[PDB]
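These notes concern the structure reproduced below.
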Amino acid sequence: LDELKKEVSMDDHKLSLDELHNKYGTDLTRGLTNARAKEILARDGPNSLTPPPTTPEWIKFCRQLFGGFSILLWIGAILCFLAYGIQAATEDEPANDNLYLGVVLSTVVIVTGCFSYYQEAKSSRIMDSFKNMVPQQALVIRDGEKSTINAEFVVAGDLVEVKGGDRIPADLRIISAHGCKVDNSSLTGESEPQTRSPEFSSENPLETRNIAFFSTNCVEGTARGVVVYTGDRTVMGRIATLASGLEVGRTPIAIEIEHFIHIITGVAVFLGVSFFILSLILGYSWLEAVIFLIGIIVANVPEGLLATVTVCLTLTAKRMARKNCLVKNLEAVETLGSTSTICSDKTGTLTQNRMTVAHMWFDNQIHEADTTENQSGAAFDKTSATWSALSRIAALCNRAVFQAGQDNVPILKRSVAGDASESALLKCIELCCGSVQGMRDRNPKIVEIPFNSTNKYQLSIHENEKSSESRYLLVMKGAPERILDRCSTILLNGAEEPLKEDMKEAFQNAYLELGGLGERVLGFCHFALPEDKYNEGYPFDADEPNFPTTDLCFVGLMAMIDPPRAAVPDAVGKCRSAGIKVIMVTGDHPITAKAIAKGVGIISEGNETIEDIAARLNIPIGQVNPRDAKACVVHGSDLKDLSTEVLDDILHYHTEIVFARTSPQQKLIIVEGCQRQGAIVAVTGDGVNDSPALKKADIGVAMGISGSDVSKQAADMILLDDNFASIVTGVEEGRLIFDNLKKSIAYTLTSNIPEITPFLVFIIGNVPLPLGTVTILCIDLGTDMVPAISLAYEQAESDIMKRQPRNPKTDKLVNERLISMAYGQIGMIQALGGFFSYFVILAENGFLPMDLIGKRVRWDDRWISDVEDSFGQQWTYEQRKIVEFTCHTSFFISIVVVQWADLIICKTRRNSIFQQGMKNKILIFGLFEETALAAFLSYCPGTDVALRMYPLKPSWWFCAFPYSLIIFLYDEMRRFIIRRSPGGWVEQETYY
Amino acid sequence: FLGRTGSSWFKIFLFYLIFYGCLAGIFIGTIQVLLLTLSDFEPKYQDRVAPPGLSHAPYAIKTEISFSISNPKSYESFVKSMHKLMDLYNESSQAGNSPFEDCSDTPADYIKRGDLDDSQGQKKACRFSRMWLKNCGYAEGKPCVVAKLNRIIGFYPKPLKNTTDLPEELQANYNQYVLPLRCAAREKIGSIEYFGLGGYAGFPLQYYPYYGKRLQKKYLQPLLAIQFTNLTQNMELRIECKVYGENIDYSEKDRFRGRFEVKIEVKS
Amino acid sequence: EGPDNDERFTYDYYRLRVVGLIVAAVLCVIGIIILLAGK
Ligand SMILES: *[C@@H]1O[C@H](CO)[C@@H](O[C@@H]2O[C@H](CO)[C@@H](O)[C@H](O)[C@H]2NC(C)=O)[C@H](O)[C@H]1NC(C)=O
Ligand SMILES: CC(C)CCC[C@@H](C)[C@H]1CC[C@H]2[C@@H]3CC=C4C[C@@H](O)CC[C@]4(C)[C@H]3CC[C@]12C
Ligand SMILES: *[C@@H]1O[C@H](CO)[C@@H](O)[C@H](O)[C@H]1NC(C)=O
Ligand SMILES: [K+]
Ligand SMILES: [Mg+2]
Ligand SMILES: [Tl+]
Ligand SMILES: [Tl+]
């Protein structure tokens, strides 16, 4: 469906103005007829974007109500009402058991539904942001007259007019223009104004001057044009549809959840029906056969687990909110940890998005300035008298000014009225020479010649601030070579000197080096005009050369670039040390893209492209073995004629990849290419041209300050302070939460065994029921909750940023090793500790373990109010039941006591508690509150009716203590083996 | 295979065999020590049997014994359980001076055979003739229910003293040696008739305290036969038999705590 | 005692409940203290 939109567009900028009118039945001068425009409206439809059909929240909520655990809990809830119905008909049961348990279980499903619904959130308003880029109104020429109309009423063929400050209402063929410049950052991510004129200037319509696009704005001048595309058919309207239309897809974390749901659901249905038939064979009435099944359901399903996961995710997202990293989708909290490839935009993401002075060439020396936002570098020069001469030209031969009321904000961050290069120079001098306004007050400008297309220079004449002179100084800047052809002397370390071929060659060298760094280079020179030839009232003519512009003194060079953000180089290296592959994907030109790649460490030192090898060896590129080149730089124009299989080979064959001059669909294609190889991919960006890629990414991260509204709609995560170091933190947090989820899951599952085994022995042994159904829910929904959550606050056991990204195909959240430990080893020890306390309670009340076998028949018989114990005493029905429920209560408390040790062992997968310590305060809180809850549930009056919880005698609490301790020792010995031999036996069997 | 190789499948079996073996051996060990802390003659706790329960022979479907006089197999169900109990009180079961003793044919005081020790043989229990149960196949019309006080080791059932007012106000009040049992329904549409030891409507105190199964096997607890020769027919009559005493109490939950709940209906 | 051994069939479940609830409360307070050592 969207495969059409993933392709590069076709256009009609090659046609003549006249020819273009024939195609759209239009007038170049009079414009369309009121009737013809209305006709075309009904024909083509409105100049608007329609949002894609969404899935209502209704269906979204209910889709969770049927996912493995909820299905089993539904079967339980209904099977409760089943047994209740069968009762209400047969023998009038005045009880509330099956009825209430059926109500409780149905509530558990609904509430669990809210948790998973909260986790599976999708806040997407892509198409809405795009719609915000179409103006409310447009100016059209109809019947030879200009009028404002609803922009939706704009059709292909009419004559539109735009001017500085307004949004392009539709894709236009420029037919007339006067000084028109446009901001195409929507399509390129670059905000430098692009001229628009009627002349065709490139075969590529996205590069030609005679096309203006919807989603962009006119920055200055005026233009008229013929509408060629409207609504969804515009270049960026298609990007809108592509972006808004892209199928979301399941996250890595989501896939893991479903996976263990299958496992646990599997064992549940297995043991469920495996013992349902095992009971009927033993001659159990279907009346009972279902009651046992309900218990089996409740025992096997970890009722509180899915909600635990959600809370652990939420708590991890809260910590990241506190580092200026907003998470829109709870699952995106983990994806960053599983990320193996980052596709990053350059401008406004890796870079500050601001022309900044990078180097200066004066005194036959290359000086480097500090490009960082917060200025974390050092000085270059202050002493040289040459510097002050260059500094003066940079301030004086400059027409840029700071906007009013910025004195509060830092120099480099403040808004400037002017072109990017003049702003850069302004901020450079203001920083290291103080107020520039002061320099422009001490040296009043009397005449100037602003930068001309033809002159290729800008000159200014000022009253020298010096009192002993107060004469006229000439300054000029422009193209380095043009400035050179106008110089005779060079200000070396203070004093001038003739411009010999020697210094002239050093100039060329300096010029070539700076240009090689992808930096824009300017020349600077001045000339102190002779006093006798220029009186204090001498008039200077700016129109006609009234003053010399030759034999001037060359002062120096200055170079500039849109520099990396301070934290970016280090963040890139850190991603790469964690084994994450970092690719650059930018709409910017290749020379600039490549230079920043080396600056931030995308391309490491020494690595070459095929073009680099060819130039170094002075040989044809076809003569170069492409396998000798680990780095590559792909232009979008070449990308366009490559198949995906060939794109896949590029991705496979290079470690250091730069995709430059890419369109928005091309970014999507590169992302998909990476994913196709089985990689989890993150995208980082800030422009509307990142929207499709951000949507398709497993996780999209947008910049918060510099980011466009669209990009932040398309993302899963926002960096609110533009701190790229947050990606590094995000991946670290993502890995940590993945491990801690394992700990929390194992902990929760472990207590399933002591809830399952009592029901089994109840059938096979014919003893009184050791633990009840209600009692199970008091564990999974009550006591285990806070402890399970607390594992989310566990510190790393080792340097997680030192390991490679997990293999999502092999490294699962829940594997066989977890089940073996939780179900086969620790849970089994917990089961016994439960049974022990059960036998203790009964034996101390007169029913010794031996006489318990095959007694349930008489025990449950409501009409036998005289059962004989081991000592020959006789018990009524309600009397023995009180002891039985007291058994449920102590078995319950036994679970809590054995979960104490389990909580401590689940703390660490490898390390010892004596190494990791007990610095998790939430965990300790869990221990205290868990025990408080259990005690309250046993001793609070009335709980014997609502939950069948009975007061325990002090000695009862200590039954499971020896089992709780064996768990601690056992797991500590086991992990001691793991560490002592990384070989594999204990490791490959039990290492979560 | 599914998971691993044969070598791995073996090792996982050798482990869980030794592992579960140890766990079973430990579980058994903790059961040993538990038993080691307990007496053979007396249970550690008795507060959960404390107030004695009162149970009868007619096995009630739901605290009810409804049947038809004009039908044979209508009551043959209740006669099965009635027989089961009384069959134990046979004279052939009580033979010789061992381990039985002839006790007062009239309600007497308690009898202490020492302590709950094995320092003596089987503590000798009082004989009880089912022949003390006058009038009661059993009552084919108007049932002859048999009451019973639940056995509790070392329990001395203490009758109420005639200090103040009483339900069966002072009639045949053998204050010193009889634990009374008065059945009731207002709703007085019956005819209560009690049979027992010495002809009294109670339990003779000479059968106490019970020394337990280990120290007193073949022991016989006193019975109290109750006959309802009601002149009514074809209606559910809620009859409650209540025992009175210092150590006797009741509960709204446990409807058998020192009392009966019988729903007789001679639907003939 | 002899016939006056009523205490054998008695248990102070009332005190046990009072003590049990005291303990539960104090464990609840202790937990808050440790948790609130930083929020
Ligand atoms: C306990 O006493 C009952 C009294 O009914 C015995 O029942 C006797 O059963 C035999 C054989 O079935 C009959 O011939 C008699 O008529 C019954 N009564 C008597 C008085 O002998 C019963 O057998 C006795 N049980 C034991 C174990 O001795
Ligand atoms: C109540 C009692 C009788 C039930 C005992 C169940 C035992 C036999 C179960 C419980 C957990 C189970 C193990 C759980 C995990 C694994 C790892 C997997 O890669 C192979 C199977 C294996 C090794 C299972 C074998 C059987 C097992 C040990
Ligand atoms: C009980 O049986 C005796 C004979 O043993 C008889 O005289 C008497 O009438 C019977 N009593 C009743 C109330 O039927
Ligand atoms: K995404
Ligand atoms: Mg950008
Ligand atoms: Tl469970
Ligand atoms: Tl659990």
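Naming works like this for the structure tokens: A, B, ... for the chains as they're shown, residue 1 at the start of each chain, ligands 1 onward in shown order.
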Return the neighbours of chain A among the residues of chain C, cut-off 8 Å, counting only C-alpha atoms, as a JSON list (two decimals) with N, CA and C atoms, in the first residue's frame.
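In the end it all went to selection00.json:
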```
[["chain", "number", "residue", "atom", "x", "y", "z"],
["C", 13, "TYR", "N", -6.78, -16.08, 73.12],
["C", 13, "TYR", "CA", -6.72, -15.60, 71.74],
["C", 13, "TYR", "C", -6.87, -14.08, 71.67],
["C", 16, "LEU", "N", -3.29, -12.61, 72.31],
["C", 16, "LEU", "CA", -2.52, -12.96, 71.13],
["C", 16, "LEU", "C", -2.82, -12.01, 69.97],
["C", 17, "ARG", "N", -4.11, -11.71, 69.79],
["C", 17, "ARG", "CA", -4.55, -10.77, 68.76],
["C", 17, "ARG", "C", -4.05, -9.35, 69.03],
["C", 20, "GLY", "N", -0.31, -9.46, 68.37],
["C", 20, "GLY", "CA", -0.11, -9.65, 66.93],
["C", 20, "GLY", "C", -0.33, -8.36, 66.15],
["C", 21, "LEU", "N", -1.37, -7.62, 66.53],
["C", 21, "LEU", "CA", -1.68, -6.34, 65.90],
["C", 21, "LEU", "C", -0.69, -5.24, 66.27],
["C", 23, "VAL", "N", 2.51, -5.83, 66.93],
["C", 23, "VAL", "CA", 3.66, -6.20, 66.11],
["C", 23, "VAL", "C", 3.50, -5.76, 64.64],
["C", 24, "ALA", "N", 2.36, -6.10, 64.05],
["C", 24, "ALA", "CA", 2.05, -5.73, 62.66],
["C", 24, "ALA", "C", 2.17, -4.23, 62.42],
["C", 25, "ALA", "N", 1.66, -3.44, 63.37],
["C", 25, "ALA", "CA", 1.71, -1.98, 63.29],
["C", 25, "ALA", "C", 3.14, -1.47, 63.34],
["C", 27, "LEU", "N", 5.92, -3.09, 62.77],
["C", 27, "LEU", "CA", 6.64, -3.51, 61.56],
["C", 27, "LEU", "C", 6.28, -2.60, 60.39],
["C", 28, "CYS", "N", 5.04, -2.12, 60.39],
["C", 28, "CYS", "CA", 4.57, -1.19, 59.37],
["C", 28, "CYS", "C", 5.25, 0.17, 59.53],
["C", 30, "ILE", "N", 8.24, 0.78, 61.20],
["C", 30, "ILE", "CA", 9.66, 0.52, 60.91],
["C", 30, "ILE", "C", 9.93, 0.56, 59.39],
["C", 31, "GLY", "N", 9.05, -0.07, 58.62],
["C", 31, "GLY", "CA", 9.16, -0.10, 57.17],
["C", 31, "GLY", "C", 9.10, 1.29, 56.55],
["C", 32, "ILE", "N", 8.17, 2.11, 57.03],
["C", 32, "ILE", "CA", 8.04, 3.49, 56.56],
["C", 32, "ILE", "C", 9.33, 4.26, 56.83],
["C", 34, "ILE", "N", 12.43, 3.21, 57.06],
["C", 34, "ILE", "CA", 13.52, 2.79, 56.19],
["C", 34, "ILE", "C", 13.29, 3.26, 54.75],
["C", 35, "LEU", "N", 12.04, 3.17, 54.30],
["C", 35, "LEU", "CA", 11.66, 3.67, 52.98],
["C", 35, "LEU", "C", 11.86, 5.18, 52.90]]
```
Practice prompt. Please extract the residues at most 12 Å from ligand 3, counting only C-alpha atoms and all ligand atoms, and provide them as JSON, numbers by chain, using the chain letters and residue numbers of this document.
Written response: {"B": [131, 132, 133, 134, 135, 136, 138, 139, 140, 141, 142, 143, 144, 191, 192, 193, 194, 195, 226, 227, 228, 229, 230, 231]}
Deliver the residues from the most recent selection as a file, using N, CA and C atoms, as a PDB file, in the first residue's frame.
```
ATOM      1  N   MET B 131     -28.957 -52.136  77.703  1.00  0.00           N
ATOM      2  CA  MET B 131     -30.214 -52.486  78.358  1.00  0.00           C
ATOM      3  C   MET B 131     -30.721 -51.378  79.285  1.00  0.00           C
ATOM      4  N   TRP B 132     -29.842 -50.439  79.639  1.00  0.00           N
ATOM      5  CA  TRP B 132     -30.244 -49.226  80.359  1.00  0.00           C
ATOM      6  C   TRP B 132     -31.066 -48.310  79.457  1.00  0.00           C
ATOM      7  N   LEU B 133     -30.962 -48.544  78.153  1.00  0.00           N
ATOM      8  CA  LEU B 133     -31.697 -47.778  77.154  1.00  0.00           C
ATOM      9  C   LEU B 133     -33.028 -48.466  76.873  1.00  0.00           C
ATOM     10  N   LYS B 134     -34.001 -48.180  77.736  1.00  0.00           N
ATOM     11  CA  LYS B 134     -35.341 -48.761  77.660  1.00  0.00           C
ATOM     12  C   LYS B 134     -36.038 -48.378  76.358  1.00  0.00           C
ATOM     13  N   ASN B 135     -36.959 -49.238  75.925  1.00  0.00           N
ATOM     14  CA  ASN B 135     -37.696 -49.076  74.663  1.00  0.00           C
ATOM     15  C   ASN B 135     -36.858 -49.226  73.389  1.00  0.00           C
ATOM     16  N   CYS B 136     -35.557 -48.936  73.470  1.00  0.00           N
ATOM     17  CA  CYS B 136     -34.682 -49.016  72.293  1.00  0.00           C
ATOM     18  C   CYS B 136     -33.207 -49.210  72.673  1.00  0.00           C
ATOM     19  N   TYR B 138     -35.711 -50.686  65.349  1.00  0.00           N
ATOM     20  CA  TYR B 138     -36.003 -49.565  66.247  1.00  0.00           C
ATOM     21  C   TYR B 138     -37.369 -48.957  65.967  1.00  0.00           C
ATOM     22  N   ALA B 139     -37.616 -47.787  66.555  1.00  0.00           N
ATOM     23  CA  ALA B 139     -38.910 -47.119  66.457  1.00  0.00           C
ATOM     24  C   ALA B 139     -39.305 -46.821  65.008  1.00  0.00           C
ATOM     25  N   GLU B 140     -40.061 -47.750  64.426  1.00  0.00           N
ATOM     26  CA  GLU B 140     -40.603 -47.618  63.069  1.00  0.00           C
ATOM     27  C   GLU B 140     -41.552 -46.429  62.956  1.00  0.00           C
ATOM     28  N   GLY B 141     -42.167 -46.081  64.082  1.00  0.00           N
ATOM     29  CA  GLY B 141     -42.994 -44.892  64.203  1.00  0.00           C
ATOM     30  C   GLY B 141     -42.550 -44.142  65.437  1.00  0.00           C
ATOM     31  N   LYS B 142     -42.356 -42.833  65.291  1.00  0.00           N
ATOM     32  CA  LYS B 142     -41.890 -41.967  66.378  1.00  0.00           C
ATOM     33  C   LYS B 142     -40.512 -42.411  66.898  1.00  0.00           C
ATOM     34  N   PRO B 143     -39.429 -41.960  66.229  1.00  0.00           N
ATOM     35  CA  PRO B 143     -38.034 -42.384  66.427  1.00  0.00           C
ATOM     36  C   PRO B 143     -37.528 -42.395  67.872  1.00  0.00           C
ATOM     37  N   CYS B 144     -36.499 -43.207  68.109  1.00  0.00           N
ATOM     38  CA  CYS B 144     -35.883 -43.349  69.424  1.00  0.00           C
ATOM     39  C   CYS B 144     -34.405 -42.937  69.375  1.00  0.00           C
ATOM     40  N   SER B 191     -43.830 -35.195  72.502  1.00  0.00           N
ATOM     41  CA  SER B 191     -43.871 -35.951  73.756  1.00  0.00           C
ATOM     42  C   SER B 191     -42.477 -36.495  74.085  1.00  0.00           C
ATOM     43  N   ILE B 192     -41.702 -35.696  74.815  1.00  0.00           N
ATOM     44  CA  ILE B 192     -40.317 -36.037  75.158  1.00  0.00           C
ATOM     45  C   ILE B 192     -40.225 -37.146  76.203  1.00  0.00           C
ATOM     46  N   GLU B 193     -39.422 -38.161  75.899  1.00  0.00           N
ATOM     47  CA  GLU B 193     -39.188 -39.285  76.801  1.00  0.00           C
ATOM     48  C   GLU B 193     -37.707 -39.635  76.786  1.00  0.00           C
ATOM     49  N   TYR B 194     -37.065 -39.555  77.948  1.00  0.00           N
ATOM     50  CA  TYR B 194     -35.626 -39.788  78.042  1.00  0.00           C
ATOM     51  C   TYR B 194     -35.286 -41.098  78.743  1.00  0.00           C
ATOM     52  N   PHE B 195     -34.270 -41.780  78.223  1.00  0.00           N
ATOM     53  CA  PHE B 195     -33.771 -43.023  78.809  1.00  0.00           C
ATOM     54  C   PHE B 195     -32.261 -42.943  78.992  1.00  0.00           C
ATOM     55  N   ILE B 226     -33.290 -40.990  73.567  1.00  0.00           N
ATOM     56  CA  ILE B 226     -34.393 -40.029  73.571  1.00  0.00           C
ATOM     57  C   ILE B 226     -35.474 -40.483  72.591  1.00  0.00           C
ATOM     58  N   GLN B 227     -36.708 -40.581  73.079  1.00  0.00           N
ATOM     59  CA  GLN B 227     -37.833 -41.008  72.252  1.00  0.00           C
ATOM     60  C   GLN B 227     -38.888 -39.912  72.118  1.00  0.00           C
ATOM     61  N   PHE B 228     -39.302 -39.663  70.880  1.00  0.00           N
ATOM     62  CA  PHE B 228     -40.297 -38.643  70.577  1.00  0.00           C
ATOM     63  C   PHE B 228     -41.591 -39.294  70.103  1.00  0.00           C
ATOM     64  N   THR B 229     -42.423 -39.720  71.053  1.00  0.00           N
ATOM     65  CA  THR B 229     -43.709 -40.344  70.723  1.00  0.00           C
ATOM     66  C   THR B 229     -44.796 -39.302  70.417  1.00  0.00           C
ATOM     67  N   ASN B 230     -44.398 -38.246  69.707  1.00  0.00           N
ATOM     68  CA  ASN B 230     -45.286 -37.141  69.341  1.00  0.00           C
ATOM     69  C   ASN B 230     -46.611 -37.600  68.743  1.00  0.00           C
ATOM     70  N   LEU B 231     -47.694 -36.939  69.149  1.00  0.00           N
ATOM     71  CA  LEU B 231     -49.032 -37.249  68.643  1.00  0.00           C
ATOM     72  C   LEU B 231     -49.335 -36.532  67.322  1.00  0.00           C
TER      73      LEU B 231
END
```
Discussion item. Residues of chain B within 6 Å of chain A, counting only C-alpha atoms - could you list those as a count of residues only?
Written reply: 9
Members of segment 109-208 of chain B assigned helix (DSSP H, G or I) by DSSP, as a compact mmCIF listing (two decimals) with N, CA, C and O atoms, in the first residue's frame:
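Listed below is the output, states-v1.txt:
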```
# COMPACT_ATOMS: atom_id res chain seq x y z
N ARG B 130 -26.48 -51.54 77.13
CA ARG B 130 -27.45 -50.99 76.19
C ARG B 130 -28.87 -51.26 76.70
O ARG B 130 -29.85 -50.69 76.21
N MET B 131 -28.96 -52.14 77.70
CA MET B 131 -30.21 -52.49 78.36
C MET B 131 -30.72 -51.38 79.28
O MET B 131 -31.90 -51.38 79.67
N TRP B 132 -29.84 -50.44 79.64
CA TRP B 132 -30.24 -49.23 80.36
C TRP B 132 -31.07 -48.31 79.46
O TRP B 132 -31.77 -47.41 79.93
N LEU B 197 -28.70 -44.08 82.04
CA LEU B 197 -28.14 -44.76 83.20
C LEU B 197 -28.83 -44.29 84.48
O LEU B 197 -28.93 -43.09 84.74
N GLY B 198 -29.30 -45.26 85.27
CA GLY B 198 -30.02 -44.98 86.51
C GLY B 198 -31.42 -44.43 86.27
O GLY B 198 -32.10 -44.05 87.22
N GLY B 199 -31.83 -44.39 85.01
CA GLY B 199 -33.13 -43.85 84.63
C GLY B 199 -33.15 -42.34 84.48
O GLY B 199 -34.20 -41.75 84.19
N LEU B 205 -21.43 -39.27 85.80
CA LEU B 205 -20.09 -38.70 85.95
C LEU B 205 -19.00 -39.72 86.27
O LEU B 205 -17.81 -39.38 86.29
N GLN B 206 -19.40 -40.97 86.50
CA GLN B 206 -18.46 -42.05 86.83
C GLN B 206 -17.68 -42.56 85.61
O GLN B 206 -16.80 -43.42 85.75
N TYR B 207 -18.01 -42.04 84.44
CA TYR B 207 -17.34 -42.43 83.19
C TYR B 207 -16.25 -41.44 82.80
O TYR B 207 -15.75 -41.47 81.67
```
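The shell of residues at most 6 Å from segment 113-118 of chain A, with only C-alpha atoms counted and near chain neighbours (fewer than 5 positions) removed, consists of residues 61, 64, 65 and 307 of chain A.
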Write the residues of the selection above to a file with N, CA and C atoms, as a PDB file, in the first residue's frame.
```pdb
ATOM      1  N   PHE A  61      -8.928  -2.000  24.523  1.00  0.00           N
ATOM      2  CA  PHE A  61      -9.036  -2.453  25.907  1.00  0.00           C
ATOM      3  C   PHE A  61      -9.384  -3.937  25.966  1.00  0.00           C
ATOM      4  N   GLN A  64      -6.913  -6.959  25.208  1.00  0.00           N
ATOM      5  CA  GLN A  64      -6.029  -7.377  26.293  1.00  0.00           C
ATOM      6  C   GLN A  64      -6.713  -8.400  27.195  1.00  0.00           C
ATOM      7  N   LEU A  65      -8.039  -8.301  27.288  1.00  0.00           N
ATOM      8  CA  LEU A  65      -8.856  -9.186  28.119  1.00  0.00           C
ATOM      9  C   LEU A  65      -8.831 -10.646  27.664  1.00  0.00           C
ATOM     10  N   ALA A 307       0.950  -6.970  35.934  1.00  0.00           N
ATOM     11  CA  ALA A 307       0.867  -5.657  36.576  1.00  0.00           C
ATOM     12  C   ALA A 307       2.199  -5.243  37.211  1.00  0.00           C
TER      13      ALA A 307
END
```
Discussion item. Residues of chain B were defined as contacting chain C if any atom lay at most 8 Å from it, counting only C-alpha atoms; please report them as a PyMOL selection string.
Written reply: chain B and resi 45-50+156+247
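In this model, the gap between atom CA of residue 226 of chain A and atom CA of residue 663 of chain A comes to 23.9 Å.
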Discussion item. Show me which residues line ligand 7, defined as having an atom within 6 Å of a ligand atom where only C-alpha atoms and all ligand atoms count, and present them as number ranges by chain.
Written reply: A: 302, 748-749, 751-752, 780
Could you write out the selected residues, including N, CA and C atoms, as a PDB file, in the first residue's frame?
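Result file is again_17.pdb:
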```pdb
ATOM      1  N   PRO A 302       0.115 -16.664  37.444  1.00  0.00           N
ATOM      2  CA  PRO A 302       0.646 -15.651  38.356  1.00  0.00           C
ATOM      3  C   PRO A 302      -0.144 -14.346  38.232  1.00  0.00           C
ATOM      4  N   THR A 748       8.281 -14.119  41.339  1.00  0.00           N
ATOM      5  CA  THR A 748       6.835 -14.241  41.310  1.00  0.00           C
ATOM      6  C   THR A 748       6.447 -15.678  40.988  1.00  0.00           C
ATOM      7  N   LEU A 749       7.130 -16.272  40.014  1.00  0.00           N
ATOM      8  CA  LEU A 749       6.836 -17.645  39.602  1.00  0.00           C
ATOM      9  C   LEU A 749       7.167 -18.665  40.680  1.00  0.00           C
ATOM     10  N   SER A 751       6.800 -18.816  43.794  1.00  0.00           N
ATOM     11  CA  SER A 751       5.715 -19.061  44.741  1.00  0.00           C
ATOM     12  C   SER A 751       4.497 -19.775  44.127  1.00  0.00           C
ATOM     13  N   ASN A 752       4.541 -20.067  42.827  1.00  0.00           N
ATOM     14  CA  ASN A 752       3.475 -20.844  42.179  1.00  0.00           C
ATOM     15  C   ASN A 752       3.475 -22.298  42.624  1.00  0.00           C
ATOM     16  N   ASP A 780      -0.357 -13.622  45.615  1.00  0.00           N
ATOM     17  CA  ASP A 780      -0.026 -13.065  44.303  1.00  0.00           C
ATOM     18  C   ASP A 780      -0.513 -11.651  44.103  1.00  0.00           C
TER      19      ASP A 780
END
```
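For the pair atom CA of residue 492 of chain A and atom CA of residue 460 of chain A, the interatomic distance is 22.2 Å.
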Discussion item. Could you list, as a PyMOL selection string, all protein and nucleic acid residues with an atom at most 8 Å from ligand 5, counting only C-alpha atoms and all ligand atoms?
Written reply: chain A and resi 189-190+345-349+353+586+685-687+689-690+707
Export of prior selection with N, CA and C atoms as a CSV table (one decimal), in the first residue's frame:
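Final output, saved to part00.csv:
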```csv
chain,number,residue,atom,x,y,z
A,189,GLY,N,16.0,19.0,6.3
A,189,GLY,CA,16.4,19.2,7.7
A,189,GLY,C,17.4,20.4,7.8
A,190,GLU,N,17.7,21.1,6.7
A,190,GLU,CA,18.6,22.2,6.7
A,190,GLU,C,17.8,23.5,6.5
A,345,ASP,N,20.0,11.2,12.4
A,345,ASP,CA,20.1,12.5,11.7
A,345,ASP,C,21.3,13.2,12.2
A,346,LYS,N,21.8,14.2,11.4
A,346,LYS,CA,22.9,15.0,11.8
A,346,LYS,C,22.4,16.4,12.4
A,347,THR,N,21.8,17.2,11.6
A,347,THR,CA,21.5,18.6,11.9
A,347,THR,C,20.4,18.8,13.0
A,348,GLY,N,20.8,19.3,14.1
A,348,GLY,CA,19.9,19.5,15.2
A,348,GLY,C,19.8,18.3,16.2
A,349,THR,N,20.5,17.2,15.8
A,349,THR,CA,20.6,16.0,16.5
A,349,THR,C,22.0,15.8,17.0
A,353,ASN,N,23.0,22.8,15.2
A,353,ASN,CA,22.2,23.5,14.2
A,353,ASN,C,22.4,25.0,14.2
A,586,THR,N,21.3,11.6,6.7
A,586,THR,CA,21.1,13.0,6.7
A,586,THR,C,20.6,13.6,5.3
A,685,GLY,N,16.4,11.9,15.8
A,685,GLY,CA,16.1,13.0,14.8
A,685,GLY,C,15.4,14.2,15.4
A,686,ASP,N,15.2,15.2,14.6
A,686,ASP,CA,14.5,16.5,15.1
A,686,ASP,C,13.7,17.2,14.0
A,687,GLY,N,13.7,16.7,12.8
A,687,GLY,CA,13.0,17.3,11.7
A,687,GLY,C,11.8,16.6,11.2
A,689,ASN,N,11.5,15.7,8.3
A,689,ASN,CA,12.0,14.7,7.3
A,689,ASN,C,12.5,13.4,8.0
A,690,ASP,N,12.4,13.4,9.4
A,690,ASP,CA,12.8,12.2,10.2
A,690,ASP,C,11.5,11.4,10.5
A,707,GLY,N,13.6,20.0,18.3
A,707,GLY,CA,12.7,19.2,17.5
A,707,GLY,C,11.5,19.9,17.0
```
Fill in: ligand 2 neighbours within 6 Å using only C-alpha atoms and all ligand atoms, as a VMD selection string
(chain A and resid 757 816 819 to 820 823 to 824) or (chain B and resid 3)
Worksheet entry | Polymer residues at most 7 Å from segment 37-41 of chain B, only C-alpha atoms, same-chain spacing of 3 or more positions, as an NGL selection string | :B and (33-34 or 44 or 116 or 212 or 214-215)
Worksheet entry | Contacts with ligand 4 at most 12 Å, only C-alpha atoms and all ligand atoms counted, listed as a PyMOL selection string | chain A and resi 122-124+126+243-244+246-252+327-329+331-332+335-336+668+671-672+680-685+690-702+711-717
